[PDB]
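In the order they appear, the protein sequences are chains A and B. Note that this note's numbering has the first sequence beginning at 4, numbered continuously upward. Note that this note's numbering has the second sequence beginning at 4, numbered continuously upward. A virtual CB, placed ideally from N, CA and C, is assigned to each residue, including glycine.
There are 2 protein chains.
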Amino acid sequence: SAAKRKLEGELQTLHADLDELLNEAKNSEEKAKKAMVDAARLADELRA
Amino acid sequence: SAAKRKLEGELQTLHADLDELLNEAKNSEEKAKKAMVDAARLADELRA
């Protein structure tokens with residue numbers, strides 16, 4: 004009954020840190036897709 | 004005791020899963036570091 008209090012308290016925090024670190028991971032992911040579409044268009048101009 | 008082994012089991016996964024997802028952003032952001040630096044190989048050539 005003691006360790007369940009110490010564990011369930013920590014899991015409720017670490018599940019909240021899942022929410023913010025997943026949000027940055029998507030936000031880190033969309034920078035890569037913004038980079039390549041910038042890389043592709045500048046590749047088009049160098050042909051142009 | 005049955006309530007502990009459920010709770011510590013879930014704590015085993017998500018603490019590893021947050022370690023899993025944080026690897027994925029590093030895998031993602033290093034692709035952005037790959038996708039950016041080769042554009043500079045294209046960018047300097049056009050600027051020349």
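What do you reckon, are the CB atoms on residue 35 of chain B and residue 35 of chain A nearer than 8 Å? What you label residue 35 of chain B is simply residue 32 of the second sequence in a count that begins at 1. What you label residue 35 of chain A is simply residue 32 of the first sequence in a count that begins at 1. In contact: residue 35 of chain B and residue 35 of chain A (Cβ atoms closer than 8 Å).
C-alpha distance - residue 16 of chain B paired with residue 13 of chain A, whole-angstrom precision: Position 13 of the second sequence, counting from 1, holds the residue named residue 16 of chain B. Position 10 of the first sequence, counting from 1, holds the residue named residue 13 of chain A. Spanning the two alpha carbons is a distance of roughly 14 Å.
Could one say the Cβ of residue 46 of chain B lies closer than 8 Å to chain A's Cβ atoms, at least one of them? As a working note, residue 46 of chain B is residue 43 in the second sequence. Judged by the 8 Å Cβ criterion, residue 46 of chain B is in contact with chain A.
For chain A, find out if any of its Cβ atoms is closer than 8 Å to the Cβ of residue 42 of chain B; answer yes or no. One-based indexing of the second sequence puts residue 42 of chain B at position 39. Cβ-Cβ to chain A under 8 Å: yes for residue 42 of chain B.
Residue environment, residue 51 of chain A, which counts as buried when at least 16 other CB atoms sit within 10 Å: Along the first sequence, read from residue 1 onward, the residue named residue 51 of chain A stands at position 48. So residue 51 of chain A ends up on the exposed side.
Straight-line Cα distance separating residue 31 of chain A from residue 22 of chain B: Working through the second sequence from its first residue, we reach residue 22 of chain B at position 19. Working through the first sequence from its first residue, we reach residue 31 of chain A at position 28. Taking the straight line joining both Cα atoms gives about 16 Å.
Which residues in chain A have a C-beta closer than 7 Å to the C-beta of residue 34 of chain B? List them in chain order. Residue numbering aside, residue 34 of chain B sits at position 31 when the second sequence is read from its first letter. Within 7 Å Cβ-Cβ: 35.
Should residue 49 of chain B and residue 48 of chain A be called a contact, given that it needs their Cβ atoms to be closer than 8 Å? In the second sequence, the residue the question calls residue 49 of chain B occupies position 46. In the first sequence, the residue the question calls residue 48 of chain A occupies position 45. Their beta carbons are under 8 Å apart, which means residue 49 of chain B touches residue 48 of chain A by this criterion.
Going along the segment 17–32 of chain B in order, which residues come within less than 9 Å of chain A, judged by CB to CB distance? 17, 18, 20, 21, 24, 25, 27, 28, 29, 31, 32
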